[PDB]
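So the sequences go chain by chain: A, Y, L, R and U.
All letters in the first sequence, in the order written, are residues 3 to 162, 171 to 686 by the deposited numbering.
Counting from 148, one number per residue, gives the positions in the second sequence under the deposited numbering.
Counting from 3, one number per residue, gives the positions in the third sequence under the deposited numbering.
All letters in the fourth sequence, in the order written, are residues 17 to 172, 177 to 212, 215 to 231 by the deposited numbering.
All letters in the fifth sequence, in the order written, are residues 3 to 135, 143 to 193, 200 to 220 by the deposited numbering.
Just so you know, even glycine gets a beta-carbon here, dropped at the ideal spot from N, CA and C.
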Amino acid sequence: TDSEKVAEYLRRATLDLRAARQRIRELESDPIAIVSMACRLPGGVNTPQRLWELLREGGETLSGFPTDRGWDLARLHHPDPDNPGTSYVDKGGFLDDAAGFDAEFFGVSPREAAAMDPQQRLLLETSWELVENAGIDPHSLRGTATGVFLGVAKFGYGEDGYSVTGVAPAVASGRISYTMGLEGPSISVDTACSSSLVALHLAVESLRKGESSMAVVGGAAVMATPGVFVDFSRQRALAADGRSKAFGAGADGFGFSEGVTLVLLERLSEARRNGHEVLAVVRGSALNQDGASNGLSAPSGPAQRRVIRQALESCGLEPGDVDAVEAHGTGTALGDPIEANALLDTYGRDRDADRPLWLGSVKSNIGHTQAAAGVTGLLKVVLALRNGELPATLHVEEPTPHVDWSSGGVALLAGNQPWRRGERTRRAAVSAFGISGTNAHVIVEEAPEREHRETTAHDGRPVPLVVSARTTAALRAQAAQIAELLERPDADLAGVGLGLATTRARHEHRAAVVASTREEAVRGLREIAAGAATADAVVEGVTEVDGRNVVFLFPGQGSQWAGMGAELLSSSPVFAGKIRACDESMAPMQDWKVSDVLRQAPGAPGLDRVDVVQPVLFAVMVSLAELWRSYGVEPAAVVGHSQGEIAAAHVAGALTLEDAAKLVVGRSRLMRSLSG
Amino acid sequence: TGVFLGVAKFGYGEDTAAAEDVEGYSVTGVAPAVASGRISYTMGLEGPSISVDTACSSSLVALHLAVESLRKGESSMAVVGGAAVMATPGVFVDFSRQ
Amino acid sequence: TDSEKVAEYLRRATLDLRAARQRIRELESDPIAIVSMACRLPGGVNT
Amino acid sequence: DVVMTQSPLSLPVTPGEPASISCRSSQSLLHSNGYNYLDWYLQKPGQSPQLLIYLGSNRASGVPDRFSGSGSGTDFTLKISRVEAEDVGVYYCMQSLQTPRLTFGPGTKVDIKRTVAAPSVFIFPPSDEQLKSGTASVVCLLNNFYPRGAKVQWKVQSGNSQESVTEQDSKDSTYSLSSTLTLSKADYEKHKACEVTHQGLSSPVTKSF
Amino acid sequence: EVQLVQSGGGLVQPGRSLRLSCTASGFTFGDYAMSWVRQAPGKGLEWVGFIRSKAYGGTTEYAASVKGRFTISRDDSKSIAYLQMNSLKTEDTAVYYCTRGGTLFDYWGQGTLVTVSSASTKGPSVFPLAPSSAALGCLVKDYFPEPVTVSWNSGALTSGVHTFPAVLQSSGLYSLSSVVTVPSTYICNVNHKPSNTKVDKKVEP
């Protein structure tokens, strides 16, 4: 029709235009969800423990120059700041243990493990923990398109054999993808203290280009040699009592020790579709350079204002939509006034009227942490979204008098402020400024609310509790933790063997327990590392082949139990369905019902006449197979004999149900003429 | 205009010892992340500066990133490339005939 | 009749579609150009 | 089956704040498959108007994305997420279920919201040159009576009269009006007086010869 | 991009024709209507001829209240849309411009102003206001032909000065005003293309 094809063309054009504009909008901007996090800060693991707990009050700076490392003491420390080869200020936090490694778990020879920078070992451990704490089985990531975009610097070397020693301290350590088996791009950047931040930026672009599905972003340091603590001491920049004070009355700029941080990013739509967990959203970033300043290492306010405005424009937001900002503290005598003035100029100018812009800094409580500083700031902000509180440590009372602190709507976070949910969706910003002169700004937003769920269980319903992945770890010993890591104060179910990330494929060892009452894991299974058990399966598998071939047997004629169970008939639905189907198939030729005999209901015939015994067993056997096949166990070479030849044929698909049933009954009846 | 480079190897002559470098010319002269900073500071550019390092292919990798920065309307012009090190004799020693 | 209106609307829609496709191509597949080069190489090479 | 159109006819705005305009018809503009035959037009001061959005929500190229259209049946709405200082112009609805369609009519106007001011009326008696040459003239300048609502009565009673207008010219929304009465002195001697009333200035200030 | 090259205009004088036309490029004439809208000074605009022409149909569709007075004409196959304007009238003084559609007036262009009348003259008035107890100005009564520029003291002070364009009014009297505000020496010399007046005014109550 002349008046219809034109309408169809118009409709197609409108739909295509809408789709094209939506695609353009998606390409130029797209929310990125943070799925999981993992960190290793000096003094304690990660997430809550070393965070919302410590961040409530603060502390740190345990000093204690490490003794495990060589680090000749009684010579580095000297009161004279002008001494040639010494350094003052002997404080400064440090990692509890940096030489720890498992080696055998990741499959590396101890000789190669010894000649290995601690950054790589800590990165491997933290990456495994990060993937684990996301509900994603690490073994399923093999062959995917995830990439790593981290930032690492070279901190000292071993000054003291056919290989290594030219590949372990190689900076470009993308061996994480080698061990895990990834295929995305692997990049190691270096842009001084802001490196992690700019690294993050790169990842975002890839996530919007479709060349990667998920990204791993983070940073690390180890501070192996004394090194910096000496050199900066000769520059009179580092100051004593190394507690860094941000926006106060002190000037130290203390170069705090190591720290490792990693986060996992994925496109929001994919995260919603797959069914992962979303913690926070990233929706814009900006990078720039200080340009020609009054010195190689000197901040420039105009560049910071420009980058802040650029980030705000890229996000498509307004400067009045941000409630809290994390600052690049680095407490010195010059950086803090410049940063404060820049923030007042860009975020000020009649912000609201009454709402002040809260300001804080993590480095005032945990230290500079070298290259992994910026991402560490993220680890603060997101937690503030997940607890409805602003962890305002800021261990300094009197503000800096150089900057016009008053006459503005930017209030220092002296105490603590509620951060509850509700209207006016929460937003935050982080910033980083490196030594080389590269500046970065990032805006983050609270995750959408979707939490309804349901409640089930609490019935009898026996639940398997396959071990928490007894694995390649020493074939022993580690079972201990799995025995004790499952301590339940008040909970139930907790399916570990489920698709849950803990799966770990139970690499080699494996173990199991089945119950519905209590734990019973602290029982024999616990002492299985040094003893035996009572009624629990213990296996020494070697996963010779992960997927074994499967065969079934089908000989009976002698089972003759007293009723082939009935509780499974009532509970398992597939068993009952197959039993009923077989009974219906056999109904129109013989009067007896297999279900009635099975239930031992009154009026059922005794298990003496063969005409009942032979068919009933058959009606059971096939059903059992239907159960096994229902659990992903597919046989290949059923070889059962005697009266089970026909059952095997039915399982093999060579015969129909009614044909086999009628053959069974006829054979039994004709044989019944012979007895004694 | 942005800068994208890839370099990493021994710190000049290394060894030796310090003296009286109160200014700090000893740490900002052998850093791999300061080459782009020096180029930007001397030339006066204001684009992003990147000092990537992923071994023998690093230069090409840098090129890829530069393309992205040009297609997003972020940098007007890009200065890509790769620099060797020409450092102290060595390297040959660790290759044990392999 | 109504044919003229439908034709005009279809033409405007096609024009907008062409503009959108050009924008997408410039966003994702815009060719880049090389202006000049410099190098230092073993021996006397320079230029 | 002619269809009328209408609009709020007044919407002072400020930068940053969003804006919305409603537009209703007399009969449904739907077609066999919908796609209401409604278009929006905007004319900036000093240039010919250009199309904004057609067929409901099909914002044309070049137009900033801040504009959006919605509605159906006999009611539609145009929304602007953020208003800026570069758009004052005038906006018109347009229907396409017909063809003999004449001019839009009143449409609607957009101005800058600002605090209400008051006029400062100054009256100037005619000079000798007009009296000795021909007719006379008297002015009743208003001098920044913002917002609109100027009126004059010339109480004596008053026939022919002339007036001018002022626009959003430089600052603080200055609006002014003048009077250009024409009359000889012989018949002007009967009276010795323009009266102006403003929505902000409640008092009807009257000036005499 | 530049397919609107509308040109023409003049004094015409009642009982005459005109050569109003608009040129186009870029697109194709063969599949486009023309349309024509005229905007009256200080009034709403309206369609000149309800053109709906060209294309395959090639019709005319003259507008109401025309009846061939505005001479639809509309030559097509010359990359032009010339519209004849014979037998004009004093009423239809306005700014006319073409369009790039029949029902979707999407692309417009610069119009041409046409005035068909003859009134007023070049006679200034320098009318003083004589404030009693902060107003001052000049009220030149005739400045035709347009335009006429007015300056105060050949520069000097410029604050609180309003050009204040005035209506044509009966008998086509082109009037202007200056209404400069001063507190508590003053020249309102008027410049016109044929001659210059350069006369001041002092206001005394």
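- Go ahead and pull the three-state DSSP assignment for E183(R). It is a strand residue.
- Message: Which runs of the alpha helix (DSSP H) at least 4 residues long sit entirely within the stretch 252 to 336 of chain A? Give them in chain order.
- Response: Listed in chain order, the complete alpha helix (DSSP H) runs (minimum 4 residues) inside the stretch 252 to 336 of chain A are 278 to 284, 311 to 325.
- Message: Assuming contact is defined by CB atoms lying nearer than 8 Å, are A15(L) and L19(A) in contact in what I supplied?
- Response: Yes, these two residues count as a Cβ contact at 8 Å.
- Would you mind working out which of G145(A), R319(A), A484(A), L389(A) sits nearest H451(A), comparing C-alpha positions? Nearest of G145(A), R319(A), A484(A), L389(A) to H451(A), Cα basis: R319(A).
- Query: List, in order along the chain, the chain L residues whose C-beta lies closer than 7 Å to that of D18(A)?
  - Reply: Below the 7 Å Cβ cutoff, chain L contributes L19 as neighbours of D18(A), in chain order.
- Message: If you measure between the beta carbons of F108(A) and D92(A), is that distance less than 8 Å?
- Response: Going by beta carbons, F108(A) and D92(A) fall outside the 8 Å limit.
- Query: the stretch 103 to 133 of chain U: which residues have C-beta closer than 8 Å to a C-beta of chain L, in chain order?
  - Reply: Interface annotation for the stretch 103 to 133 of chain U against chain L: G103, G104, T105, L106, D108, criterion Cβ-Cβ distance under 8 Å.
- Query: Residues of chain L with a CB under 8 Å from the CB of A76(R): which are they?
  - Reply: Chain L residues near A76(R): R14, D18.
- Query: Quick one: what's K229(R) bridged to in DSSP?
  - Reply: Looking at the DSSP output, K229(R) shares a beta bridge with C216(R).
- Query: Using 8 Å as the limit for Cβ to Cβ distance, is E6(L) near chain U?
  - Reply: A Cβ of chain U is located within less than 8 Å of the beta carbon of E6(L).
- Query: What is the DSSP secondary structure of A35(R), counted as helix, strand or coil?
  - Reply: In this structure, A35(R) counts as strand in the three-state DSSP scheme.
- Could you work out which residue in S581(A), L344(A), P44(A), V604(A) is closest to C592(A) when comparing CA atoms only? Minimum Cα distance to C592(A) is reached at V604(A).
- Message: Give me, in chain order, the residues of the same chain whose beta-carbon lies closer than 8 Å to that of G50(R); leave out the 5 immediate sequence neighbours on both sides.
- Response: So the qualifying residues of the chain are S88.
- Cβ shell of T123(U) (< 7 Å), same chain only, five flanking positions each side left out: If we look at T123(U) and ignore the five residues flanking it on each side, its Cβ neighbours are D151, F153.
- Query: For chain L, is any of its Cβ atoms less than 8 Å away from the one on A65(U)?
  - Reply: No, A65(U) lies away from the interface with chain L (no Cβ there is under 8 Å from its Cβ).
- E456(A) bridges to which residues according to DSSP? Answer is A290(A), bridged to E456(A).
- Complete beta strand (DSSP E) runs within the stretch 150 to 195 of chain Y (minimum length 3 residues, chain order): Qualifying beta strand (DSSP E) stretches: none in this window.
- Message: I'd like to know whether the C-beta of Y58(U) is nearer than 8 Å to at least one C-beta of chain R.
- Response: With 8 Å as the cut-off, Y58(U) does not count as an interface residue toward chain R.
- Under the three-state DSSP convention, the category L353(A) falls into: DSSP, reduced to helix, strand and coil, places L353(A) within a helical segment of the structure shown.
- Task: Express the C-alpha separation of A9(L) and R23(L) in angstroms, rounding to a whole number.
- Result: Approximately 21 Å, taken between the alpha carbons.
- Using the beta-carbon of each residue, which ones in chain Y are nearer than 9 Å to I492(A)? The contacting residues do not exist; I492(A) stays about 38 Å from chain Y at best.
- Through-space distance from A479(A) to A337(A), alpha-carbon basis: So the two alpha carbons sit approximately 42 Å from each other.
- Task: Count the other CB atoms, across all protein chains shown, that sit within 10 Å of the CB of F562(A); report buried if there are 16 or more and exposed otherwise.
- Result: Looking at its Cβ environment, which holds 16 or more other Cβ atoms inside 10 Å, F562(A) is buried.
- Message: Contact defined as beta carbons within less than 8 Å: I believe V154(Y) pairs with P195(Y). What is the distance between those atoms, to the nearest angstrom?
- Response: That belief does not hold up - the Cβ atoms of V154(Y) and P195(Y) are roughly 17 Å apart, past 8 Å.
- Along the chain, which unbroken stretches of the beta strand (DSSP E) at least 3 residues long are found entirely within the stretch 42 to 105 of chain R? List check, beta strand (DSSP E) in window: 54 to 59, 66 to 70, 83 to 88, 91 to 96.
- Spatially closest choice to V169(Y) from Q380(A), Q245(A), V37(A), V150(A), by CA coordinates: Looking only at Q380(A), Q245(A), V37(A), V150(A), the smallest Cα-Cα distance to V169(Y) is reached by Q245(A).
- Can you list, in chain order, the residues of its chain whose CB lies under 8 Å from that of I197(Y), leaving out five sequence neighbours each side? These residues qualify, in order along the chain: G149, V150, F151, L152, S183, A209, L212.
- Query: Looking at C-beta atoms only, is the number of pairs between the stretch 213 to 232 of chain A and the stretch 409 to 422 of chain A that lie closer than 8 Å three or more?
  - Reply: Proximity of the stretch 213 to 232 of chain A to the stretch 409 to 422 of chain A falls short of the contact definition, fewer than three beta-carbon pairs being nearer than 8 Å.
- Query: Under three-state DSSP, which class holds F120(R)?
  - Reply: Look at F120(R) here: in three-state DSSP terms it is coil, with no helix or strand label.
- Task: Kindly confirm or deny that the stretch 255 to 263 of chain A and the stretch 26 to 44 of chain A touch, where touching means at least three C-beta pairs closer than 8 Å.
- Result: With a cut-off of 8 Å on Cβ pairs, the stretch 255 to 263 of chain A is not in contact with the stretch 26 to 44 of chain A, counting fewer than three such pairs.
- Per DSSP, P474(A) is paired with what? Beta-bridge annotation (DSSP): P474(A) is paired with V524(A).
- Item | Within 9 Å of chain A by C-beta, residues of the stretch 148 to 169 of chain Y in sequence order | Residues of the stretch 148 to 169 of chain Y with a C-beta atom less than 9 Å from some C-beta of chain A are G149, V150, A155, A164, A165, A166, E167, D168, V169, listed in chain order.
- Message: Quick check on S153(R) - is its C-beta less than 8 Å from some C-beta in chain U?
- Response: Output row for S153(R): interface = yes.
- Just how far apart, CA to CA, sit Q111(R) and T3(L)? Their Cα atoms are separated by approximately 16 Å.
- Pick from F96(A), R639(A), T49(A): whose alpha carbon is nearest that of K588(A)? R639(A) is the residue among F96(A), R639(A), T49(A) whose C-alpha sits nearest the C-alpha of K588(A).
- Item | Residue range of the unbroken beta strand (DSSP E) whose run includes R42(A) | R42(A) -> beta strand (DSSP E) spans 34 to 42.
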